[PDB]
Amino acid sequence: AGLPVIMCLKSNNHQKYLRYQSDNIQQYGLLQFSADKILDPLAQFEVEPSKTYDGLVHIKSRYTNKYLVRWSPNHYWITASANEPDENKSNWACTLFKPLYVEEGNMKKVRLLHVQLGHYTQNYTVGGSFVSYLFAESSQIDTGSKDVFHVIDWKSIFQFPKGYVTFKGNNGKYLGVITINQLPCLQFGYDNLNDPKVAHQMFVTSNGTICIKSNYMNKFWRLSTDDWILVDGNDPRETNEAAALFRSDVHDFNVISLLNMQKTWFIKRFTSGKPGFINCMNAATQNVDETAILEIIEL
């Protein structure tokens, strides 16, 4: 119904992501707006379209693989615990929800109506322990906007923009081609997004590896001499040369680290001491360091 197959929900009211409550407490099983990162393994939910009703949806925790349902005949708290869907609107355990978009055409802002009750769900707080839990409050939209959620497609966090992009290093500079000692290097030393030497193109293969082409050089990034990432490679989707294949470690939307597949080490901003090699891309760190985090800027 316009929602991603697998999604994450964020509460504008306090900026946290909805996650299954796994602690051994009274609220076990309930859904709490407390995940700091979207990468939290308890924050993923799968949406499943209704068999009978056009527009109604069933939702389950990806962790437990169980449907969201009311805690019991007496409560409005939502628990991801139903073993199976229930499309009977008169049953307190009906599992049908109805996504209602806050603004026309915008699919990332929604209010989720519990069908059986006809109540909007909210990031609700009662007292002491019942803090920030999903609760089907009433048929009235909330004055405090605690019923509006930001929808996030889980799949997209691991997808990149193919089209010109550049990378911003931790020193504030953009990554561009540069010839040093006859070697076609990559340096974080450009200030302007429009310098054509700074434009790159990311190709994500079906196996998860990524290859990157320098627009300016019209050649692919390739680990080579002294572990510098030089711009001289042929298309690795044909050559299968591990030196020109990378795998990413996503930290957040457009914030990544890339491991070079030949050395299996992360690439980073590096100054080797040898004259001329200042802030150049090199496979120099076994694990992620601050000089290894790259921000992707679309072009």
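Residue positions are given as counts along the sequence shown, with the first one as 1.
Averaged over CA atoms, B-factors in the entry run higher in 103-111 than in the other of 82-90 and 103-111.
Remark: stretch with higher mean C-alpha B factor among 186-194 and 216-224 is 186-194. Of the candidates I296, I293, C8, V5, it is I296 whose Cα B-factor is highest according to the PDB record. Comparing the listed residues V204, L96, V165, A136, the entry records the largest Cα B-factor for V165.
In this PDB entry, the Cα temperature factor of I178 sits in the top third of its chain's modelled residues, the highest group.
When the modelled residues of the chain are ordered by C-alpha B-factor, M281 sits in the middle third. Ranked by Cα temperature factor within the chain, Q159 sits in the highest third according to the deposited record.
For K51, the recorded CA temperature factor ranks within the highest third of the chain's modelled residues. Per-chain ranking of the deposited C-alpha B factor places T209 in the lowest third.
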